[PDB]
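First comes the structure, then the notes that go with it.
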Amino acid sequence: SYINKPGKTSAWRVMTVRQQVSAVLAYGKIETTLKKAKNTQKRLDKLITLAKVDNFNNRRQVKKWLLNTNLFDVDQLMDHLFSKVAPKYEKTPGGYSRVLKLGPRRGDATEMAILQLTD
Amino acid sequence: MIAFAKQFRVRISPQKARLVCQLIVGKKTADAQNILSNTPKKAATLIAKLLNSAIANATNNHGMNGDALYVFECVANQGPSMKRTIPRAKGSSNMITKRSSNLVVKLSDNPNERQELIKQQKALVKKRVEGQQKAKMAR
Amino acid sequence: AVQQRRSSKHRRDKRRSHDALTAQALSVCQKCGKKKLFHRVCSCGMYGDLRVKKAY
Amino acid sequence: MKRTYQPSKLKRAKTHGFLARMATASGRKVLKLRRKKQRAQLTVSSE
RNA sequence: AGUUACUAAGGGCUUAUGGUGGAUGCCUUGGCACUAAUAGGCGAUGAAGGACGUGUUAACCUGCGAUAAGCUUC
RNA sequence: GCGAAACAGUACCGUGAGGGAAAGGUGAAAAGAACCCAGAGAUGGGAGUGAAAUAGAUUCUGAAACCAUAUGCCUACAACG
RNA sequence: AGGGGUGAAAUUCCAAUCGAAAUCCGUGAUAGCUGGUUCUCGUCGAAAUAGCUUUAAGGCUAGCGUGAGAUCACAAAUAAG
RNA sequence: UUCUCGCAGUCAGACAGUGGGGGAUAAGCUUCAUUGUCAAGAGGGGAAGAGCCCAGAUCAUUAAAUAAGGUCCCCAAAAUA
RNA sequence: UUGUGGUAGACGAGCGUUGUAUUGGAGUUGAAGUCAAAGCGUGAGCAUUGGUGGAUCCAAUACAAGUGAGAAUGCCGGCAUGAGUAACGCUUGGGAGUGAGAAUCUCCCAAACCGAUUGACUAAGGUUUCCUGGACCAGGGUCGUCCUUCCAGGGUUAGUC
RNA sequence: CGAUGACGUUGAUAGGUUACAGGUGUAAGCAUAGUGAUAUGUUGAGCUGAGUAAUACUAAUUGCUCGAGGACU
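Chains as they are written, first to last, in our numbering: chain V, 27 to 145; chain B, 8 to 146; chain U, 1412 to 1467; chain L, 4 to 50.
Written out as structure tokens, the structure reads:
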């Protein structure tokens, strides 16, 4: 079609997924869209499992998915992760986090759900 | 009973609101608020507020109970409209209508006012025939 | 395309017969006793089990 | 697109200015007819 | 074996009820045609008409004019 | 009825010749719904004044077409100005 | 600046528009041509022919059809010779 | 059915048959004269058949005789040699 | 007795509506008018009753109709239809706070762009739409506690520009 | 989209965990040499948007509704 919005795009979706996984690592609970939250949880679990090795290769892997926040920063993200987040789930082989289905969105009635984690 | 509470012509499309309005008919008051409190409808927060106001009106203004109130009748009366222009191709400037609705709901407690209206109509027609044949007496 | 006539009340109503509506799925929350929407959290803070959300 | 009216207000003032229209009898006649027509606006300087 | 129910989503048929809709029922310090007494101009002493202002009174209409919602004589 | 009963040559339009509409009515005097209640208030409802709230400011009355609701009648095997 | 102007010509352009712009007036110009003209009832009841016309879907005259006036059966057909 | 007076309306007819033409004796064709229809007349038949046949509608009738035509059913009516 | 089919057209008999002077009447003990009804007329019309409405109307005889409404691609107004239909007109996410209400409110921080201009001096034009506080009916293609929204208050200061 | 089908907690329906096929190819780092363009053991090294097995680690909940008395002869 003629010039119009690109909107949701593969690069846009992967950047947004990176934003959400970084956010959920920073805080621990994120209210988002469940449809993309499925793959968000998938990638979060994969990276957490990858973060458990705790070596320089792991630091390089984390280098590809960090973005700063209002107060918590990328260096703080990596430090806190390799300090207590990744070692926390060493006793859990998969099934790290859980999504709880919240109500539909006020603006568009999209299925908003909250992703959280515990161990 | 009636236990009505008008909204009196707010900006709202009757076609869209009338759907859930006819959904809520027949149902009780308590069994409908719980299901209404979850749907993501722009025509749901207003109905919830209307239900709260009507429950208050019945309990206090009319001294009703509320444990037996049911939705007697819900209607979305025809409201006025406003005409606006739209920037279209070739400067057509077509007209778009904006619809309102005189919203009101009815709540009943007694098992009556179904054939009671029929009896009232019968009383009216009996008054008509008594007035007619009364003038027919000793003609 | 284009119509040489209009739509009538009976035909639009019969079309709208499939514009009919449905009811939600409802479950009971005990810690905050209320009929919430099934497979979803309640507005009080519990999808299930432990309090997973605040009061509102 | 550049529209057929380019609002150069100096040209308008030289057009509907009173002294500009006072230099011709036709302009005065039209102004008197519009005054008879009770128009709120007579010139650009008299609205 | 026969066999009609309930169904009704919705429709239409009669009745009543409620919502625009302003329509007729009624009227207007409003316009229209006139009759009759009068007259047929004003103005460089700066007419009118506008701008501007003038509120115990925000805005507008109106009156007014630096004496500025009004002054003097009778 | 002059477009001109409402602040009509208004608004609006074409820079400009010029075109040029729309709508009044509460009540009897607002004497405007105090009281109480839901809600953020708007709004609405009981209460009261008011003869009358079919007199609540959308303000003498408020038709039908149109939109709905329900008494009963039937229709989901039916080629139908 | 319009029985005007502009135009390396294309009837280019001249207020989104040009075989000669728009605007008010003559003007309710004309219209053999289109379209339409709203309460009820009762009776009788044609033509689409002939002739003419710068005349052919137009107009005119006899004609018919009706209302009414007169003739009075000598009139007309009606059927037989 | 002739005259007197006014008002019209029609000349823009069609269809089938009869005597024709032109055509091409082809036409659901055309200029004609006659018959009949419609226009200005629906009715019954022809499965329907605007102009063919039978035929001429104050109205209601749930009466009969009839015309064209039909009488195994739709759809009204039959059999006998 | 002919009949009562008959367009064009000829012709006849009428009905109602208003006001004009009436003879008369009713009406807050309900008039005009509106809705309905299960009346009378071949018909123009008239009732009668029932409901609103609370203040004018009509019966009978002549006068005049801006008088009697089916079409004029008739005029205006309202209401639909299509119909939830094409589309929502150059672009994101998370977190904290406020509000009762969070994607359209603010705030923190990320990606994305222009960056010979998505920066700036300005001219011209709009000519206070500019700022603060309140509110968000109405305009915002949803949105709202928000606006370049409305209201109140306030704001642009030249000797060389 | 409605809808077909399976699984719905005592769950193998889907997903995460390791495991495998297959493929990108020799990775990062460590040490070697050429200062450096470079190749070497590591190094057939990883993992996958979607392939496959178990594992309940998570979700499909400690949810609700219609739905049976055989009418008539």
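Note that the Cβ used here is the ideal one computed from N, Cα and C, for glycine as well.
- Counting only Cβ-Cβ distances below 8 angstroms, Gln1415(U) has no contacts in chain B at all, with the closest Cβ about 22 angstroms away.
- Runs of the alpha helix (DSSP H) lying entirely within the segment 27-113 of chain B, each at least 4 residues long, are 37-43 and 49-63 in chain order.
- Out of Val47(V), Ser36(V), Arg39(V) and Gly33(V), the CA that lies nearest to the CA of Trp91(V) is found in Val47(V).
- For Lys32(L), the uninterrupted alpha helix (DSSP H) run begins and ends at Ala28 to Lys39, by DSSP.
- DSSP lists no bridge partner for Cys1443(U).
- Distance from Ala135(V) to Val125(V) at the Cβ level is roughly 18 angstroms; contact not present, criterion being Cβ atoms closer than 8 angstroms.
- Under the 8 angstroms Cβ criterion, the segment 8-19 of chain B counts as touching the segment 66-79 of chain B, having at least three qualifying pairs.
- Around the C-beta of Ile74(V), 16 or more other C-beta atoms lie within 10 Å, and the residue is accordingly described as buried.
- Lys62(V) places its beta carbon 8 angstroms or farther from that of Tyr115(V).
- By the Cβ neighbour-count rule, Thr46(B) is buried, with 16 or more other Cβ atoms within 10 Å of its own.
- Shown here, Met104(V) sits in a helix according to DSSP, grouped into three states.
- Around the CB of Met1457(U), 16 or more other CB atoms lie within 10 Å, so the residue is classed as buried.
- Closer than 8 angstroms to the CB of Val1439(U) there is not a single CB belonging to chain V.
- Per the Cβ contact rule, the segment 79-95 of chain B is in contact with the segment 113-120 of chain B (3 or more Cβ pairs under 8 angstroms).
- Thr36(B) counts as buried, since at least 16 other C-beta atoms from the protein chains shown sit within 10 angstroms of its C-beta.
- Put simply, the CB of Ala1434(U) is near chain B, with a gap under 8 angstroms to one of its CB atoms.
- Residues of the segment 43-59 of chain B with a Cβ closer than 7 angstroms to any Cβ of chain U, in chain order: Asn45 and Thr46.
- Interface criterion met: the Cβ of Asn41(B) is under 8 angstroms from a Cβ in chain U.
- Going by DSSP, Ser36(V) is part of the alpha helix (DSSP H) stretching over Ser36 to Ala52.
- Following the DSSP letters along the chain, one finds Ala139(V) inside the beta strand (DSSP E) bounded by residues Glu137 to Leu143.
- The Cβ of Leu128(V) sits closer than 8 angstroms to at least one Cβ of chain U.
- Where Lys5(L) is concerned, there is no enclosing alpha helix (DSSP H), because DSSP gives it neither an H nor an E.
- In the DSSP annotation of this structure, the continuous segment of the beta strand (DSSP E) that includes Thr58(V) starts and ends at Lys55 to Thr59.
- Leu76(B) has a beta carbon lying at 8 angstroms or more from every beta carbon in chain U.
- Using a CB distance cut-off of 8 angstroms, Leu30(B) counts as an interface residue toward chain U.
- DSSP lists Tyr77(B) as the beta-bridge partner residues of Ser115(B).
- For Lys1465(U), no beta strand (DSSP E) run applies, since DSSP gives it neither H nor E.
- In this chain, the beta strand (DSSP E) harbouring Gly129(V) covers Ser123 to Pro130.
- A Cβ of chain B is located within less than 8 angstroms of the beta carbon of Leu1448(U).
- Exposure of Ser29(L) is indicated by the presence of fewer than 16 other C-beta atoms within 10 angstroms of its C-beta.
- The C-alpha of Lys56(B) is placed about 16 angstroms away from the C-alpha of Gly73(B).
- Take the alpha-carbon of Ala37(V) and the one of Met104(V): they are about 24 angstroms apart.
- Residue-level contact by beta carbon holds for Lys1445(U) and chain B, with a gap shorter than 8 angstroms.
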